[PDB]
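What you see below is based on every heavy atom in this structure, not just the backbone, and it leaves out hydrogens, waters and symmetry mates. The residues of the chain are indexed from 1 along the displayed sequence.
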Amino acid sequence: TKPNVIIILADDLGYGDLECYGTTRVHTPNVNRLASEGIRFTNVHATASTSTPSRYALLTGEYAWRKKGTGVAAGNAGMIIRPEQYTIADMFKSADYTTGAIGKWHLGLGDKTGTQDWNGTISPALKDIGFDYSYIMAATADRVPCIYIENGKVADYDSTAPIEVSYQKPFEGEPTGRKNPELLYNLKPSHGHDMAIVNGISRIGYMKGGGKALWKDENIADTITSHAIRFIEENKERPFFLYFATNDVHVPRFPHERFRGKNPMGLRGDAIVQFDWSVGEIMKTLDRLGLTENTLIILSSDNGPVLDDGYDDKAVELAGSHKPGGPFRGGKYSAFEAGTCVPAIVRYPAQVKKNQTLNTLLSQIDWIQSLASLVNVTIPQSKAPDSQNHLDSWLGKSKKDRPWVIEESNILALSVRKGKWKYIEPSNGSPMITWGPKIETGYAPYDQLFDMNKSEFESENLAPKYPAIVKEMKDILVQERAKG
Ligand SMILES: [Ca+2]
Ligand code: NA
Ligand code: NA
């Protein structure tokens, strides 16, 4: 009846991190219930194995690798989605939906890198790309500034503690994680992550001031979840689109005390529990307001997982049997399947049958055109150019695979998934991530082709055996790049 649409997008949540995807080590009852009430997808792909390019593509319907700078965004990047670029929020606006973006961003603010006046109004910001309401973290949790932005101004701005940010130069007189580990009363770094100190945890980049506007990590989930509930409640009488992007499970993991210290995988496990709690809070509010039946929830993750992403939180020591990538090789940053094959759940009780498990090959690039079909919007010519309408497959009304899926690795090496085949194009990249995480990249100077029917773990390179399959996969990348 113009259904509401909520995208719940986790950060760095792996295929294997949720209980309903097979781990013995963490209880995720709210997400398990959500899946039981709809579809659990086993073959959904993000477009990229890193945060910024993945989110760029799902919000614009354009592969990030078409646009210079989407894969190397500065710590204080300007807007990566420019106001001239058509977004999923613009699409919903044109169906007379109220639009909101709450939580994690990864996509820049203001005009050019470093030009944000944190003591004033930021512009361009999310209202310039179609979001009526926004309450976002200014930066991901391991970066500065550690403040929230509400519609283009700093939330709870403190004029007694004016804000300054630099990714190039420290502020004289401010402590740093490297110089002053005695001030890290909550959490110490592993690799890098040893610059500004906020809330007893060091960060990437330098900052001064903030005062009352500075976040506390243990309250981030509560804060963003509360804002998501308020957006739903204020819009209970009209169609809305909410893009709810959690901080969890991004580093630093430092969850609320109702969770912290309770899961034996350590703070990383507690962050999965906290994610599940946030999902439960959304589900409870839809039930309280009688919105459950006519609300489409799409829950997924921007990219695959990482154990040690910069903090001394014992993630590797305490993982035990828990495989964040599920059956897949690699992780965040990688060209291997754990980089882009992510959890994905759809619940929409009016239209989607309960208790389904579907292996349909699908890509997040298709959300904008698929949801345009749902809400009867014709996207203008040339806009969302890589997005295809697969609404029937996303709602389990069809089992038709996407003809192929394109995956972008951190080095911009592209891969193709087509039926059972996975092709990785050659690159000069290192076989391991070099800066801290011990993640296999799948970078190699020769063609790689894997039969995912024979093993979900990409171990046996069949490229030399099947030149005709390699040529078809390479021809797909030529065709995709030629649309530029
Ligand atoms: Ca991410
Ligand atoms: Na860019
Ligand atoms: Na715009």
For this session: Decide, yes or no, whether a salt bridge links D217 with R253 under the criterion of side-chain N to carboxylate O below 4.0 Å.
Result: no

Exercise. Charged N to carboxylate O below 4.0 Å: is that the case for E425 and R481?
Worked result: yes

Cut-off 3.5 Å, side chains only: do [X] and [Y] have a donor facing an acceptor?
{"X": "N389", "Y": "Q369", "answer": "no"}
{"X": "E62", "Y": "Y56", "answer": "yes"}
{"X": "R55", "Y": "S51", "answer": "no"}
{"X": "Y423", "Y": "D447", "answer": "yes"}

Problem set entry | Summary of salt bridge (charged side-chain N to carboxylate O under 4.0 Å, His left out) pairs that have at least one residue in residues 86-111, sequence neighbours excluded | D11-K104, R82-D111, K93-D132

Problem set entry | Listed once per pair and sorted, the salt bridge (charged side-chain N to carboxylate O under 4.0 Å, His left out) pairs that draw on residues 323-347, sequence neighbours left out | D12-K332, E37-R347, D309-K332, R329-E440, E337-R417, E337-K422

Check the orientation of [X] and [Y]. Use parallel for under 30°, tilted for 30 to 60°, and perpendicular for over 60°.
{"X": "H227", "Y": "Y133", "value": "parallel"}
{"X": "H250", "Y": "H106", "value": "tilted"}
{"X": "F241", "Y": "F92", "value": "parallel"}

How would you list, by chain and number, every residue that makes a side chain to side chain donor-acceptor pair (under 3.5 Å) with [X], sequence neighbours excluded?
{"X": "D475", "result": "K471"}
{"X": "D366", "result": "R402"}
{"X": "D287", "result": "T292"}
{"X": "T47", "result": "none"}

Can you tell me if [X] uses its side chain to pair, donor with acceptor, with the backbone of [Y] under 3.5 Å?
{"X": "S49", "Y": "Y333", "answer": "yes"}
{"X": "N32", "Y": "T28", "answer": "yes"}
{"X": "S54", "Y": "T50", "answer": "no"}

Exercise. Checking side-chain contact (heavy atoms from CB on, under 4.5 Å) for the pair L374/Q351: CA distance, chi angles, key distance, verdict?
Worked result: CA-CA 11 Å; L374 180 65; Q351 289 298 328; over 6 Å; no

For this session: Might you point out which heavy atoms bring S300 and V342 nearest each other, and give the distance in Å?
Result: OG-CG2, 3.5 Å

